[PDB]
Amino acid sequence: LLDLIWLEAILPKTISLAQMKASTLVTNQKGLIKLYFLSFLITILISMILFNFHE
Amino acid sequence: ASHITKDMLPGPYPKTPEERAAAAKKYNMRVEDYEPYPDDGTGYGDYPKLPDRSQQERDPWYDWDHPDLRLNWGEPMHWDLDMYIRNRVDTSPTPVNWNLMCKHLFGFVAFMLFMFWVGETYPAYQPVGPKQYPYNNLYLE
Amino acid sequence: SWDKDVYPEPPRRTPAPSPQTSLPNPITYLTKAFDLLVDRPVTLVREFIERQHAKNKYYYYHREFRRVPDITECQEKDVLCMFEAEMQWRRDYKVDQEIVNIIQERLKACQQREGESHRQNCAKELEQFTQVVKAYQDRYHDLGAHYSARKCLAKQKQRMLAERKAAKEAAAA
Amino acid sequence: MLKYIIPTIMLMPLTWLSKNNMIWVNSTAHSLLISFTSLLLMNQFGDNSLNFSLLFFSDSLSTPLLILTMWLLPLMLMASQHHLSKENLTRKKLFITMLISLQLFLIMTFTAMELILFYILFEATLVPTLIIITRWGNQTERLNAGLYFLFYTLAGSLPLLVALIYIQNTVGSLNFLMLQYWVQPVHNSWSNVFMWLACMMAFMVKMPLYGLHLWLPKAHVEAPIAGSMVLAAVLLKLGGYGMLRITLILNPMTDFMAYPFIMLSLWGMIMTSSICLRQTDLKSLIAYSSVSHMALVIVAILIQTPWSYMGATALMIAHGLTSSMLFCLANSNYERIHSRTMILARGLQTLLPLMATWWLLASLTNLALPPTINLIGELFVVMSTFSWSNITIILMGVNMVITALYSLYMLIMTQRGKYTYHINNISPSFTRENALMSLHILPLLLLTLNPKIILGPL
Amino acid sequence: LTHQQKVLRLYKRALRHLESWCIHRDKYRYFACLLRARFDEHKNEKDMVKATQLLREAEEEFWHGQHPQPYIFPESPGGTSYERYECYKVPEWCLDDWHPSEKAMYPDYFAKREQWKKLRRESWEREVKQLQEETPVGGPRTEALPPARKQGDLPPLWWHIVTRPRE
Amino acid sequence: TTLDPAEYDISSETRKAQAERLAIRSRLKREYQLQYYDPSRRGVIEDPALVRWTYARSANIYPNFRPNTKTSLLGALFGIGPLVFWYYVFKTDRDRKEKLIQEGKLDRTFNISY
């Protein structure tokens, strides 16, 4: 009730934590060649505003 | 190797009559006081729908038991309810609790008030005045 | 054997006689018979080996070491001279274990030889032994650096605290 | 090691080079012959110290620990042949070669001359163990247990490399333990916590605390043919000893934060043995005994100042021989009844009388009956942590209480009768079944005569 | 448990727990019909609560004052030296593997061993044939026909027919 | 004292048609005895009452488990609970024990061990 629960709850949470976020990065990369390139432009502008990159 | 009804599932209200017995004959027709409803206290992962726990208990004492193996030596077919505390635990006694055992040591707890005094043999009591005077009086002479 | 100054005992001082009666004593029946039954298979065999072992001899020597360097040598980044100063040092701690073993057996010597009084007599052991063990854990026992045995990296520095703290900082000694 | 590795690699092109079924007798013959040569140059003297040859050996001078590593390849081949002999000879030649390939790296480990030679050999294992876990088991929960055996051992051991390379370019070079004469102390800071903590935590993942023991009843429960790497995995757990090489020096003065490792591993000791008395899997019963009185060394290393190293060394090879044999008692008596359920094996002690002594003289070493190698080990630990604080006799005393009721519960389950079933279970414990069950107690009670061989520096 | 034999299982122990309470022999025996006299009050009447008050008030004065560590008949479910004969315990049919020169002894017992097994090895063409017929579907207790209508072999053959003798 | 244990009660005629619960166990015993007697078995019977006893106790607690309650979050009163208390004791010793060891003496002259 403890040795198989609250030691097994915290670290095999990490198995179910990364695979929750390994699904948001193939199923939102669903094609959309229109939407590759709208997202390259956000990356190219945010390098101008953010930090050291022009300095 | 048996896969159909291998063990329980997340119950205990998944149409309880289908559980005992598809296999695991804890109840006959889900009214046997052992239908697999007994998930006593949901939220604990222990004992799901579970042809299992809070069933009647306290001790297969392996008495006369003449059907066959019946009890604990001779192994009947499907009667395991909860174990590993029941190959060494038995039935009801004569009387009831009346905890006279703490009252038995209470007699010396009253005689701890006799630990305050001493046990000098000579003389007796003489407990009313200062004539007793435990130690000696004057000097040489 | 050994030398008796290391392992002392008083003489024997063993009373004797005292019969005084014609009552039947079994002591004349006991020692006057059984001593001969063991005298044949022991003394004749031990002497038989004693010439057979004196047929040839074998040799083993005293092993005395060389002590040129001692303590405060050498400079910090050296390895070689600070290896010899630990080979010096560890032999000066296995030996100083066993000198406590000798004096403790000296305490075992008196007490089974007197037994009855054992406290007011022999006059020496409880004075000698507690002036040696009280001279043990100070400066010769890294308490509590005893785990790594800390040869010259801490064996001097109890004794630095026995100089930098002691004898000047007592205010005013 | 001049050449102990050099003959034991020559064992490897002998197995495949051989004929048919002669491959069992050819390997076990020559493998016993190293046990003379292993003893031979080693056990020399002895007073500061035996640096052995070169950058490859400090001879495992004050901690012998290595003769026991060389019994086992001629102990496991006689054990593994029970249910292995149905596969192909091409895979039967494999399972002997990777087992030798596990003994190769352990031989350059424990000696290792360095701290960075240690790690790359500390991690040179876990590839030939994992092959014995995944292939050659039984039914499933092998594969997740093959992954729980990783990712604890490997997640912890990578911050060693960050700290050991950090020392190699900070203070000289770590390459020798005898260039560790110049050691600067490690004070109380906010970076020197992590230098202590990352260098320590990768050893805790193998010899477990009460936390992070979650992989230990996974690999031992679901386990190869007849304890065949389970005998190896009990040595490998106590082959994470290197905390004795590190923490004696190399941050010597941090006891300030020992306390979350003391109390976690001193209260966990009294509980993780208590949590096993209701086990129903027999090989998982032993698997928690291996948790408890292994974790007594973790409060014996962090507490320094010997009369503990007298005992903490003797406890590493206390149950090196005991817990090996208990697995061999359970790798046997499973070939006959095909379950590891402890309920089912009743009706015994009449059918197999000759192995009743092998149960007891196993379980009489946990009760430990003081003239053995066991209560010369615990009673130095007891008299050590008494001098830490007096109150520690309570928890460690109740440790002695519950394991008395624990060991007999495995004995007394066989003293019953009438057996109810079992037209099988005929085999009356054949000549092999007693031979590999012997050579355990035969050195175990022998060394109790002069156990000065089993001692640290100290 | 029928109401007919409900008093009877209490009647056997009503005198049995009494004799552990006496000290003489006649002290029990003078109380014999005296204990029977209260039991002979309600002789012949109905089976309802009209007569269940013999039993519904027999909880008091039987359970009240019930056998302060009574006599136990030492070969019983309880009591000392009941299941004690167990160092021998008769391990019947442990005679499978011998590697003989140990099968030299008892040449006639091993001769008679192979004779009795024909009833054991060959009874399944006859006993199991009617066993699907005599048992209709799932009925109560599984004793066969008590001669099995020609020759009872056994059905309990041979583990109940050649079982362990006590010594 | 653990327990009552309810060795006599009433009946007749509360639900008199409750019988043939023995028909379940007689069916099992007719299944078992026909299984147990045979001339060539050489091995145990499966008897999955044991199989459902281990596998519903070893596994099938964590796939069951949801932390929907606070009686499974009760374990912080039991897991980290006493481990808090053992730290509180052990730093009061080795500190009160420490100051007496430095400021003033307590042990005698013959304390080489330790």
### Query
So, in region F:92-109, of the ones that are among the charged types (D, E, K, R) and either assigned to a loop (DSSP other than H, G, I, E, B) or surrounded by 12 or more Cβ atoms within 10 Å (Cβ to Cβ) (or both), which residue ends up farthest from the other protein chains (Cβ to nearest Cβ)?
F:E103
### Query
Is there any pair with a first residue in region A:1-24 that is within 7 Å of another protein chain (Cβ to nearest Cβ) and a second that is outside any loop (DSSP other than H, G, I, E, B) and among the small types (G, A, S) whose Cβ atoms are under 9 Å apart and which are 6 or more apart or on different chains, and what are they?
A:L1/F:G75; A:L2/F:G75; A:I5/F:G75; A:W6/F:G75; A:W6/F:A76
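Kindly evaluate D:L344 against the criterion of being crowded, with 20+ Cβ neighbours inside 10 Å and over 27 Å from the mean Cα position of the chain (by Cα).
So D:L344 does not fit the description; no.
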### Task
Could you tell me whether any residue of region C:155-162 is more than 14 Å from chain D (Cβ to nearest Cβ), surrounded by fewer than 14 Cβ atoms within 10 Å (Cβ to Cβ) and more than 30 Å from D:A300 (Cβ to Cβ)?
yes
### Query
In region E:101-116, what residues are within 14 Å of another protein chain (Cβ to nearest Cβ) and either among the β-branched types (V, I, T) or farther than 22 Å from E:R164 by Cα (or both)?
E:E102
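One line per residue, one yes/no per condition, for (1) facing another protein chain (nearest Cβ under 9 Å); (2) touching a strand residue (DSSP E or B) at 6+ places or on another chain (Cβ under 8 Å); (3) more than 28 Å from E:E86 (Cβ to Cβ):
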{"residue": "B:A1", "(1), (2), (3)": "yes, no, yes"}
{"residue": "B:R20", "(1), (2), (3)": "no, no, yes"}
{"residue": "B:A23", "(1), (2), (3)": "yes, no, yes"}
{"residue": "B:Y44", "(1), (2), (3)": "yes, no, yes"}
{"residue": "B:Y47", "(1), (2), (3)": "yes, no, yes"}
{"residue": "B:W61", "(1), (2), (3)": "yes, no, no"}
{"residue": "B:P67", "(1), (2), (3)": "yes, no, no"}
{"residue": "B:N99", "(1), (2), (3)": "yes, no, yes"}
### Query
Just for region F:35-57: of the residues that are assigned to a loop (DSSP other than H, G, I, E, B) and within 7 Å of chain B (Cβ to nearest Cβ), which one is surrounded by the fewest Cβ atoms within 10 Å (Cβ to Cβ)?
F:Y55
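Just to check your reading of the model, which residue among C:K77, C:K94 is closer than 26 Å to D:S62 by Cα and within 14 Å of chain D (Cβ to nearest Cβ)? Show your work before the answer.
Numbers: C:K77 fails: closer than 26 Å to D:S62 by Cα.
None of the other options fit; the residue is C:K94.
Quick grid of which residues meet (1) away from chain F (no Cβ under 12 Å); (2) part of a loop (DSSP other than H, G, I, E, B); (3) farther than 25 Å from D:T350 by Cα; (4) free of Cβ contacts under 8 Å to residues at least 12 places away in the same chain:
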| position | (1), (2), (3), (4) |
| --- | --- |
| E:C87 | yes, yes, no, yes |
| E:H99 | yes, yes, no, yes |
| E:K118 | no, no, yes, yes |
| E:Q132 | no, no, yes, yes |
| E:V137 | no, yes, yes, yes |
| E:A148 | yes, yes, yes, no |
| E:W159 | no, yes, no, yes |
| E:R164 | yes, yes, no, no |
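Determine whether region D:289-301 contains at least one residue that is within 14 Å of chain C (Cβ to nearest Cβ), of a type in the set (S, T, Y) and touching a residue at least 60 places away in the same chain (Cβ under 8 Å).
No, region D:289-301 has no match at all.
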### Task
Could you list, in sequence order, all residues of region D:56-81 that are farther than 29 Å from D:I453 by Cβ and crowded, with 18+ Cβ neighbours inside 10 Å?
D:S80
### Task
Answer yes or no: is there a residue in region E:115-130 that is out of contact with any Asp or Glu (no Cβ under 6 Å at 6 or more places or on another chain), surrounded by 13 or more Cβ atoms within 10 Å (Cβ to Cβ) and of a type in the set (S, T, N, Q).
yes
### Message
Within region D:418-428, does at least one residue satisfy the condition of being out of contact with any strand residue (DSSP E or B) (no Cβ under 6 Å at 6 or more places or on another chain) and within 29 Å of D:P64 (Cα to Cα)?
### Response
no
### Message
Need the failing condition index for D:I120 against (1) crowded, with 19+ Cβ neighbours inside 10 Å; (2) of a type in the set (V, I, T); (3) outside any loop (DSSP other than H, G, I, E, B), just the number.
### Response
(1)
### Message
Looking at region F:58-91 only, could you name the residues that are away from chain B (no Cβ under 14 Å), surrounded by fewer than 16 Cβ atoms within 10 Å (Cβ to Cβ) and in a loop (DSSP other than H, G, I, E, B)?
### Response
F:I80, F:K91
### Task
Considering each of D:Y181, D:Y152 in turn, give the residue that is within 11 Å of another protein chain (Cβ to nearest Cβ) and closer than 24 Å to D:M271 by Cα.
D:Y152
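Applying the selection to region D:248-265, what residues are of a type outside the set (S, T, Y) and more than 14 Å from chain F (Cβ to nearest Cβ)?
D:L248, D:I249, D:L250, D:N251, D:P252, D:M253
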### Residues of region C:57-92 satisfying the condition of being hydrophobic (A, V, I, L, M, F, W, C), closer than 18 Å to D:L179 by Cβ and in a loop (DSSP other than H, G, I, E, B)
C:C74, C:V79, C:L80
### Any hit, region D:312-325, residues being more than 28 Å from F:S58 (Cβ to Cβ) and part of a loop (DSSP other than H, G, I, E, B)
yes
### Message
Being in contact with a helix residue (DSSP H, G or I) (Cβ under 6 Å, 6 or more places away or on another chain) and assigned to a loop (DSSP other than H, G, I, E, B) is the filter here; which residues of region D:441-458 pass it?
### Response
D:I454, D:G456, D:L458
### Task
For region E:49-70, indicate whether the set of residues that are within 14 Å of chain B (Cβ to nearest Cβ), more than 30 Å from F:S12 (Cβ to Cβ), under 31 Å from the mean Cα position of the chain (by Cα) and among the small types (G, A, S) is non-empty.
no
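Going by the structure shown, is F:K70 closer than 22 Å to A:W6 by Cβ and of a type in the set (D, E, K, R)?
Considered against the rule, which asks whether it is closer than 22 Å to A:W6 by Cβ and of a type in the set (D, E, K, R), F:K70 comes out as yes.
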### Query
Any idea which residue in region B:16-61 is surrounded by the fewest Cβ atoms within 10 Å (Cβ to Cβ), counting only those that are aliphatic (A, V, I, L, M) and closer than 23 Å to B:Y84 by Cα?
B:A24
### Message
Given the condition within 24 Å of E:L8 (Cβ to Cβ) and in contact (Cβ under 8 Å) with a residue 24 or more places away in the chain, answer yes or no: does some residue in region E:70-84 qualify?
### Response
yes
### Task
For region E:122-152, enumerate the residues that are of a type in the set (D, E, K, R) and in contact with a helix residue (DSSP H, G or I) (Cβ under 6 Å, 6 or more places away or on another chain).
E:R141
### Query
How many residues, within region B:1-43, are outside any loop (DSSP other than H, G, I, E, B) and in contact with a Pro (Cβ under 6 Å, 6 or more places away or on another chain)?
1
### Message
Given the options A:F37, A:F51, name the one that is exposed (fewer than 10 other Cβ atoms within 10 Å of the Cβ) and over 21 Å from the mean Cα position of the chain (by Cα).
### Response
A:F51
### Task
Could you please find all residues in region F:1-34 being aromatic (F, W, Y) and either in contact (Cβ under 8 Å) with a residue 60 or more places away in the chain or in a helix (DSSP H, G or I) (or both)?
F:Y32
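Coordinate-derived values only; no laboratory data. With ideal geometry, Cβ positions are generated from the backbone for all residues, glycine too; neighbour counts draw on all protein chains shown.
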